[PDB]
Amino acid sequence: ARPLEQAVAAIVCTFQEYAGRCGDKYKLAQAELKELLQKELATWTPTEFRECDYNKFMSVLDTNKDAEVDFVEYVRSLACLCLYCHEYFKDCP
Amino acid sequence: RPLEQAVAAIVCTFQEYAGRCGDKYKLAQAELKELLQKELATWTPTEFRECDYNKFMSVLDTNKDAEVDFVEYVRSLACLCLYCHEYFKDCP
């Protein structure tokens, strides 16, 4: 398949793997979102000038572990992690 | 860890289009439409999401110059999942 097709299918596969464990298959607890980021993006780490934002982001996931997130908010979390951990965005003001 | 490469690929596609000219952190809605149509060419809406899909695509055409940042581009990919991926068939 085309590269973005494979990628977006994989973003949905990972969501199904976690959200589909039990309960509402369209929801993740933030605790499960943090688990998913930690295991599935284990090697992603903030770029040189984004440590503080990244640390605040991860901090907010712990403090609201029981709040739920839907798929669109899961994808948003992925996007934020790109802003903090992908070199393309290092100069993004 | 397949999610790593998938998320890396979402950035790569953004950079290909946003890198054409001007601000490398922005796309115009016309560019976003072009990207979704080309790069997800085989993805089509599920039976009961065709109205929503067609509405979404047509909105891009009514303000072709508006800027989309990376987070909004990723939100658009999430919308296309809701409309085109059978996992979301029961999703309100």
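Residues numbered from 1 in each chain as written, not as in the entry; some residues may be left out. Chains lettered and ligands numbered in written order. Heavy atoms only, no water.

As recorded in the entry header, the structure was determined using X-ray crystallography to a resolution of 1.50 Å.

Per the PDB entry, chain B goes by the name Protein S100-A3 and belongs to Homo sapiens. In its Subunit section, the UniProt entry covering chain B states "Homodimer and homotetramer for the citrullinated form." Looking at the Subcellular location heading of the UniProt record, one finds this comment for chain B: "Cytoplasm". (UniProt positions renumbered as here; feature names shortened; annotations may be inferred.)

The PDB entry lists chain A under the name Protein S100-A3, with Homo sapiens as the source organism. The record held by UniProt for chain A lists under Subunit the comment "Homodimer and homotetramer for the citrullinated form."

A. Geometry of the UniProt feature "binding site: Ca(2+) 1" in chain B. Residue and element names in this part refer to chain B. Residues given the UniProt feature "binding site: Ca(2+) 1" here are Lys26 and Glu31. Looking at where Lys26 falls in the secondary structure, it is placed in strand β1 (residues 26-28). Every residue in contact with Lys26, bar those within four places of it in the chain, is listed here: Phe14, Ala18, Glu67, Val68 and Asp69. Counting through the fold element by element, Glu31 comes out in helix α2 (residues 29-39). Not counting chain neighbours up to four residues away, the residues in contact with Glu31 comprise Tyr17 and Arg20. (Helix = DSSP H or I, 4+ residues; strand = E, 2+ residues; numbered from the N terminus. Contact = heavy atoms within 4.5 Å.)

B. Here's a closer look at the interface of chain A and chain B. The partner chain B presents 37 residues to the 39 residues of chain A that form the contact. Taken together, the two surfaces of chain A and chain B that pack against each other cover about 3400 Å², and 76% of this comes from carbon and sulfur. Sorting the residues of chain A by area buried against chain B places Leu4, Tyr26 and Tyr88 of chain A first, and these three jointly supply 23% of that buried surface. In this assembly, chain A and chain B are joined by zero salt bridges. Linking chain A with chain B are nine residue pairs in polar contact, by the criterion used here. Sorting the residues of the side of chain A that touches chain B by element identifies α1 (3-19), α2 (30-40) and α4 (71-85) of chain A as the ones contributing at least two each. In terms of residue class, the side of chain A that touches chain B is made up of 26 nonpolar, five polar and eight charged. (Buried area = accessible area lost by both parts, 1.4 Å probe. Salt bridge = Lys/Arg side-chain N within 4 Å of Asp/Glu carboxyl O. Polar contact = N/O pair within 3.5 Å; in protein donor to acceptor, adjacent residues only side chain to side chain. Nonpolar A, V, L, I, M, F, W, Y, C, P; charged D, E, K, R; others polar.)

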